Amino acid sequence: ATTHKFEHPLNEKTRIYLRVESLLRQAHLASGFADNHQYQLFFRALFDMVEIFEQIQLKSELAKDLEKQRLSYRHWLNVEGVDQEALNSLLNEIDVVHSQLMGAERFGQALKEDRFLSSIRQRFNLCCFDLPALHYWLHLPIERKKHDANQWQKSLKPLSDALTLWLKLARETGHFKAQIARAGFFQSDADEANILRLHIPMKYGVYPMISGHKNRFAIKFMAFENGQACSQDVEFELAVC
């Protein structure tokens, strides 16, 4: 109610991470079939994720990323001033999620192999008078619907566990610092960063347009009113992860 909170991926792999985080949560929230439209969010999430698994090597990207995080925590092993029990517990969480990741099936394989899902995948993507089979499925017992949605979801558990952890640890590393965008513009650079997080006071009536090239990024604040650049000086907070 005071500040708009934005996140911006700084590279294509992080843009996939954030997109998958969003779909996993959407399918999870939609999987109670509590309202008679929630199935629409559920299936569209599932099918958007499958499309992603075809076009990127997500499992190996995420394995390597979790190895990078582990290494940053292992540098604090046996350091007097760091809680060794907390640290070891986190390192154990990492190799459990990474191990699960490594022995996992091809992402979206069990989804692609499900007869019912494929049979509707193409047409779902183009209400159910043109999908009689989906309409029949929506008419099954709520226990049955929930069971099937849970089976489909269990197949993404290695991905979900790994991504959830990576993101949690990545967000941890960001410290919010005060910045000013004089006349609506800010630029800076970051070595090896994946995510920008912005906190912007709502009073300004602005949203950020962010772009980047190599390690540099540029934030332009646009008035919501007209979609045009805001010339006012914008005080905001920025965490770079």
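Residue numbers run from 1 along the displayed sequence.
Visitor: Deposited residues absent from the coordinates between residue 126 and residue 127, none, 1 to 3, 4 to 9, or 10 or more?
Guide: Unresolved stretch here: 4 to 9 residues.
Visitor: Taking the recorded C-alpha temperature factors, which stretch has the higher mean, 117-125 or 136-144?
Guide: Per the PDB entry, the higher value belongs to 117-125.
Visitor: Sort the modelled residues of this chain by their C-alpha B factor and say whether residue 211 lands in the lowest, middle or highest third.
Guide: According to the entry, residue 211 has a C-alpha B-factor in the chain's lowest third.
Visitor: Rank-wise, by C-alpha B-factor, drop residue 159 into the lowest, middle or highest third of its chain.
Guide: According to the entry, residue 159 has a C-alpha B-factor in the chain's middle third.
Visitor: Lowest, middle or highest third: which one holds residue 106 when the chain's residues are ordered by CA B-factor from the entry?
Guide: CA B-factor rank for residue 106: highest third.
Visitor: Consider only the C-alpha atoms of the modelled residues in this chain, order them by B-factor as the entry records it, and name the third containing residue 87: lowest, middle or highest.
Guide: Middle third.
Visitor: Would you check the entry's CA temperature factor for residue 33 and let me know if it's in the chain's lowest, middle or highest third?
Guide: Ranked within chain, residue 33 CA B lands in the highest tercile.
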